[PDB]
Every structure is written in structure tokens, then in C-alpha cells.
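Which chain is which? The protein sequence lines are A and B, in order. Its first residue numbered 975, the first sequence is counted upward by one per residue in the working numbering. Its first residue numbered 975, the second sequence is counted upward by one per residue in the working numbering.
Number of protein chains: 2
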Amino acid sequence: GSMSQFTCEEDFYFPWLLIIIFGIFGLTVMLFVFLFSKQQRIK
Amino acid sequence: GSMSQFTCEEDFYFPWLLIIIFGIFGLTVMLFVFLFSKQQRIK
């Protein structure tokens, strides 16, 4: 009633860290290939 | 309906589906680079 505060139900139970790691991996893979193609470098 | 099922007719993007797609992406990216290197390594 006085202050407003919320809380997560999952409480960091499920493997969220695993998802994060994988997420960056995919984004990095594509992001790398994209920038690499623009650089026009074989090495 | 106690249990639940997912079908194409439903026409709805589930959360688990997103994980699956990404999963194969990462595995394919590495699996591809690995096989690619082996294809060049040997004449």
C-alpha cells in the first residue's frame, strides 16, 4: 500500500545463464561474419 | 483439458521454440567451421 515492489517468480531457478551465453554466441557469429565481409579480408 | 499440446494450426510462437532454433544455430555454426577446416586441412 505504501511502497511498490515486485519479485520474480522464477527466482533464478531455470538455466538462464546458459541461454545468455548461447545468445551472445549467435549474435557474435553473425555480427562477425557481417563485419568481416565488409572488411573484405581473407585472413 | 488437463494436458496440453502444440500444433501448427494454433499459429503461435512459443518460447521453447525460440531456444530450439538458436540451439541448432550455434551447433551448426561450430560444426560447419570444424568440418570446413578439415575439408581444407587435407588435400
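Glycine included, every Cβ here is placed at the ideal spot set by N, Cα and C.
Proximity of A:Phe-1008 to chain B, defined by a Cβ-Cβ separation below 9 Å, is not satisfied. A straight line joining the alpha-carbon of B:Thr-1002 with that of A:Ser-978 spans about 46 Å. B:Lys-1012: member of the alpha helix (DSSP H) spanning 989-1015, first to last residue. B:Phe-1006 places its beta carbon 9 Å or farther from that of A:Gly-1000.
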